[PDB]
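Next comes just one chain, in structure tokens: the form deposited without adenine (ADE).
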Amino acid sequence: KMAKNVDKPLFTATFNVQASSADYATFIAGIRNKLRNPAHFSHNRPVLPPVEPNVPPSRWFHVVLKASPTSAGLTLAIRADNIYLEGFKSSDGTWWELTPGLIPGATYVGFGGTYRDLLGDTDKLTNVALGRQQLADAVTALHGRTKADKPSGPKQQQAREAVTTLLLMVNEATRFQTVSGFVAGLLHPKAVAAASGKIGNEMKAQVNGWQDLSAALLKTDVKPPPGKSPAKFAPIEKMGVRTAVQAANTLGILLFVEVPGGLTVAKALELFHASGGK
């Protein structure tokens, strides 16, 4: 029941933490593009393929975050079905995991990868500073981890904060155009003052309801039964998303959700494979 292919990524996306806002946007867009089910879009936004049933997580990608174009970078191990971060590789080659016993040969980092684990409450996302130095510092803290370090409260807290930073600036940014645009807006050239900022309640609610928002948009694609007008988008006011157009502009990539009258897990995977998906 351990994960498979963790170190056999389907692709590797790389970002230099000193690179331009434009390059950051390109990096995030590339991840969405490589994750997509070519056979399944909703309102011209990519949908992930379904999670493969009755096997452990076997589809992974890597993100490499580098201090400079020449530097060895921090490697993130992320699921290619739901974009969950489960592991990261430090400079000494150690694989660290966020779920005990999930990744073969990995060392458990001592805390889990949910926001409740990292922050105490999912309501605390609005407290997390985002910005270029936060990214750099997160990379430094995790990349510099060694197997033989003795842990302390402070190192563990630094590690939780670094993971939280990467989750927002990589994983949530991949999921949400709102988040990726906000992060991109905080990245500036060297001649501009160092910058940082925090997300508002709308983006917090989006991050906390990715499946909900994905499902709500997917429902609008379902062809209506005989006699019916097409399904209308149901506003999620807390996310500030009231229309399907707003939902499309918000979603970076959709989590696959089985909705009534929509594609099943098996059928969407069939189409994924038929279209060349791995």
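The first residue of the sequence shown is number 1, and the count goes up from there.
Quick note: we don't show the form solved in complex with adenine (ADE), though the next part is all about it.
Q: Has each of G113, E172 and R175 got a heavy atom lying within 4.5 angstroms of adenine (ADE) in the entry with it bound?
A: Looking in the entry with it bound, the three residues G113, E172 and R175 all sit within 4.5 Å of adenine (ADE) (heavy atoms).
Q: Of the residues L85, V128, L187, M203, which one places a heavy atom within 4.5 Å of adenine (ADE) in the entry with it bound?
A: After the contact test, the surviving option is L85.
Q: In the entry with it bound, which of the listed residues (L76, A80, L167, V179) lies with a heavy atom within 4.5 Å of adenine (ADE)?
A: It is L167 that has a heavy atom within 4.5 Å of the partner.
Q: In the entry with it bound, which of the stretches 151 to 159, 114 to 122, 135 to 143, 190 to 198 has residues with heavy atoms within 4.5 Å of adenine (ADE)?
A: Among the candidates, contact is made by 114 to 122.
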